[PDB]
Amino acid sequence: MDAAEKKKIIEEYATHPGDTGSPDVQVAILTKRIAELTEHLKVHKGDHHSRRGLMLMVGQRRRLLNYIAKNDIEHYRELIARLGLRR
Amino acid sequence: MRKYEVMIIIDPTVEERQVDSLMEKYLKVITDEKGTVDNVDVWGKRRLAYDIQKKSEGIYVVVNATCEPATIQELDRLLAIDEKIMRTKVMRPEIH
Amino acid sequence: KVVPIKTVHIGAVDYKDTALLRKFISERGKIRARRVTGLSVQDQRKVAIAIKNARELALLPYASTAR
Amino acid sequence: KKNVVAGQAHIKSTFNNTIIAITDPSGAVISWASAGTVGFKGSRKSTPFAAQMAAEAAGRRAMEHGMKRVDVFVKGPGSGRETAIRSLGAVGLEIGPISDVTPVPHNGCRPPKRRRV
Amino acid sequence: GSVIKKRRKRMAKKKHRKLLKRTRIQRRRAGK
RNA sequence: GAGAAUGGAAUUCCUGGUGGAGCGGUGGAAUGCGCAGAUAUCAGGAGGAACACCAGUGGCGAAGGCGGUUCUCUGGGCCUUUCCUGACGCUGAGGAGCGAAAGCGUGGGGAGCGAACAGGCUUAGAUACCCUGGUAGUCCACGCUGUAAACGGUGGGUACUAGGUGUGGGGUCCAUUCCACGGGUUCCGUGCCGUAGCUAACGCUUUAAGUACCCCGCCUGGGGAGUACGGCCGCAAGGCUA
RNA sequence: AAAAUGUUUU
Ligand SMILES: [Mg+2]
Ligand SMILES: [Mg+2]
Ligand SMILES: [Mg+2]
Ligand SMILES: [Mg+2]
Ligand SMILES: [Mg+2]
Ligand SMILES: [Mg+2]
Ligand SMILES: [Mg+2]
Ligand SMILES: [Mg+2]
Ligand SMILES: [Mg+2]
Ligand SMILES: [Mg+2]
Ligand SMILES: [Mg+2]
Ligand SMILES: [Mg+2]
Ligand SMILES: [Mg+2]
Ligand SMILES: [Mg+2]
Ligand SMILES: [Mg+2]
Ligand SMILES: [Mg+2]
């Protein structure tokens with residue numbers, strides 16, 4: 001998250017070239033952040049405050065995915081298929 | 001590639017030449033992996049505000065170097081394992 | 001109160017720079033309180049951190065003791 | 001026996017009594033006195049007069065040991081500090097830089113529980 | 001609060017805890 | 001917030017020098033320590049724990065809470081004119097996690113402090129206060145426990161309803177600068193005073209305990225009782241439901 | 001500095 005791969009993620013998950021805040025981009029960014037924080041917590045199992053931040057990110061991503069699936073179910077399926085298949 | 005400032009307090013018995021040799025070898029271990037060294041300043045011998053390892057004076061060095069966190073940590077552990085340097089401090093000015 | 005103690009500005013703190021740290025250290029060797037040093041909260045915090053660093057790094061005494 | 005000339009003084013005044021130590025600047029003590037040594041015992045050895053007596057006794061013995069003007073370090077939250085200073089002055093020898101060598105923790109060790117008198 | 005209510009509850013709790021301490025063994029032999 | 005390294009003072013202990021009769025402690029004492037050299041004093045060393053000043057009228061965190069310094073890793077907040085998505089919001093039974101201190105398990109550590117304990121005092125007695133000692137514990141690693149006056153005794157969200165006056169954070173504007181001192185203004189905190197209003201009163205009052213809407217928890221006289229029985233959780237202490 | 005207590009009238 002030195003903004004390099006963040007911009008990369010924004011551009012390769014954007015719906016249109018100017019898109020930077022749509023639910024797809026938000027879910028992609030949140031998933032990358034959840035992965036990074038999961039690794040950090042695996043290193044530091046005792047970081048309860050960061051784990052709470054991780055849970056907040058998880059819930060936010062869940063609500064965004066719920067909105068996406070409520071609007072366009074096939075788009076939701078494609079997005080989650082790209083993003084870890086929702087296991 | 002962040003930038004750090006290391007202040008080094010070297011045993012006062014050092015009288016030139018070997019201080020430069022130590023600085024050269026530590027800058028070498030910095031520069032072995034893309035770690036540029038911006039500046040090295042030798043304040044010289046100064047009286048310590050309090051005794052450090054039974055020594056009333058010390059040689060002061062300031063090293064401004066841009067490098068990786070792993071490289072700066074490895075330089076710090078080298079300075080720690082060295083027996084010829086009284087103290088080290090590694091500042092990272094967040095702005096400059 | 002404390003407004004009569006006019007706010008003082010210092011610029012860069014630079015724990016190496018002993019002049020400012022001496023100006024803000026007490027005659028006994030302690031860190032002066034904010035209401036007597038006339039610094040903003042951020043400047044006072046930076047001055048205190050710099051004083052602690054200089055103390056640990058031998059540029060300043062932990063306590064000047066006898067005057 | 002031997003003339004030490006300069007010497008120095010340590011005035012440890014606590015809430016219970018006062019102890020005076022005249023010592024060689026090398027740290028070796030030349031003479032010493034306390035309220036317990038000079039007569040007083042128990043509660044009545046915390047008084048400033050007890051510190052007066054002890055300080056003058058220590059100063060006198062240091063004098064027949066041959067000891068001139070003193071640099072003095074005082075320590076402790078007692079009451080006999082100044083009085084002992086006067087006492088040394090009255091017995092007569094130039095007093096120099098009265099110090100404040102009393103210790104002070106940086107939190108450090110935990111203090112004992114608060115008394116519940 | 002009059003602190004009397006807390007004192008009444010305090011005494012009830014303390015008496016029950018004393019009962020538990022004195023009957024600790026019997027409860028674990030047969031019961032809770 | 002987590003990890004690692006590391007700084008100085010102080011206490012205690014150790015070694016040595018010096019020195020000699022007490023030291024210590026209290027309302028007063030004694031137990032205790034001390035000519036087998038204590039207390040004191042100086043030098044050197046070991047070790048554990050807590051971080052003076054900065055430091056509060058302050059900051060941060062969902063709460064519990066958080067203060068030596070440095071680096072590494074990481075969470076959230078605030079502001080901004082543009083930019084993007086386009087109601088994606090709010091609350092949330094059950095459930096899950098976090099949750100001071102004490103406590104528990106295995107191992108480590110142990111300076112100081114200190115339940116229990118021993119002794120001395122006080123006392124009619126003193127299983128206390130006070131004094132001298134002092135073990136668990138306090139500390140670390142990994143678990144467990146899951147309770148507090150865990151309190152603002154005030155659930156979360158939102159809109160509206162005089163002001164006055166401190167203070168913390170981000171902008172922006174102005175004059176002299178071409179810094180900053182200063183004033184404004186805006187957004188978000190955090191106090192105090194105070195109007196309308198509310199309240200049994202005390203008091204609250206834009207950080208509501210006012211005027212309203214949404215959702216959750218909870219109350220129905222005092223004891224018996226947060227007890228019994230049952231069940232769940234726990235190694236236990238016990239907790240929860242009741 | 002510690003220094004306790006106060007049955008049943010009608
Ligand atoms: Mg840890
Ligand atoms: Mg303070
Ligand atoms: Mg406050
Ligand atoms: Mg549009
Ligand atoms: Mg639960
Ligand atoms: Mg604990
Ligand atoms: Mg344990
Ligand atoms: Mg153990
Ligand atoms: Mg005791
Ligand atoms: Mg609390
Ligand atoms: Mg409650
Ligand atoms: Mg709620
Ligand atoms: Mg409300
Ligand atoms: Mg406000
Ligand atoms: Mg009400
Ligand atoms: Mg129960």
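Because only heavy atoms are used, hydrogens play no part in the values below, and waters and symmetry mates are left out as well, while side chains stay in. Chain naming here is simple, since letters A, B, ... match the order of the sequence lines and numbering starts at 1 in each.
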Using a cutoff of under 3.5 Å, can you pull out all pairs of nitrogen or oxygen atoms linking the protein to nucleotides 81-91 of chain F, with atom names and distances?
{"residue": "F:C84", "atom": "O3'", "partner": "A:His16", "partner atom": "NE2", "Å": "3.4"}
{"residue": "F:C84", "atom": "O2'", "partner": "A:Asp19", "partner atom": "OD1", "Å": "2.8"}
{"residue": "F:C84", "atom": "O2'", "partner": "A:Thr20", "partner atom": "N", "Å": "3.2"}
{"residue": "F:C84", "atom": "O2'", "partner": "A:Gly21", "partner atom": "N", "Å": "3.2"}
{"residue": "F:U85", "atom": "OP1", "partner": "A:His16", "partner atom": "NE2", "Å": "2.9"}
{"residue": "F:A87", "atom": "OP1", "partner": "A:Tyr67", "partner atom": "OH", "Å": "2.8"}

Open item on the list: Tell me if the NZ atom of B:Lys45 is crowded by more than 12 foreign heavy atoms within 6.0 Å.
Closed with: yes
Open item on the list: Expressed as a whole number of angstroms, how long is the span from A:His44:NE2 to F:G75:P?
Closed with: 12 Å
Task: All side-chain contact (heavy atoms from CB on, under 4.5 Å) counterparts of C:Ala50, not counting sequence neighbours - done: C:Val13, C:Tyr15, C:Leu21
Contact list (N/O, under 3.5 angstrom) for nucleotides 164-167 of chain F vs protein:
none

Could you run down the sub-3.5 Å N/O contacts of the protein with nucleotides 237-242 of chain F?
{"residue": "F:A237", "atom": "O3'", "partner": "E:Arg24", "partner atom": "NH2", "Å": "3.2"}

- [ ] Evaluate F:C35 against F:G210 for Watson-Crick or G-U wobble pairing; both distances have to be shorter than 3.5 Å.
- [x] no
Only pairs under 3.5 Å count here: list side-chain donor-acceptor contacts from residues 78-87 of chain A, not counting sequence neighbours, and write none if there are none.
none

Task: Base-pair map of RNA chain G as dot-bracket, where | denotes pairing with a different strand and pairs are Watson-Crick or G-U under 3.5 Å - done: ..........
Task: Whole-Å gap separating P (F:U74) and CG (A:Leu54) - done: 13 Å
Open item on the list: I need the CE-P distance between B:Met91 and F:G68, as an integer number of Å.
Closed with: 16 Å
TODO: Quick one: label A:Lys42 by what it contacts on the DNA or RNA (base, sugar-phosphate, nothing), any heavy atom closer than 4.0 Å.
DONE: nothing
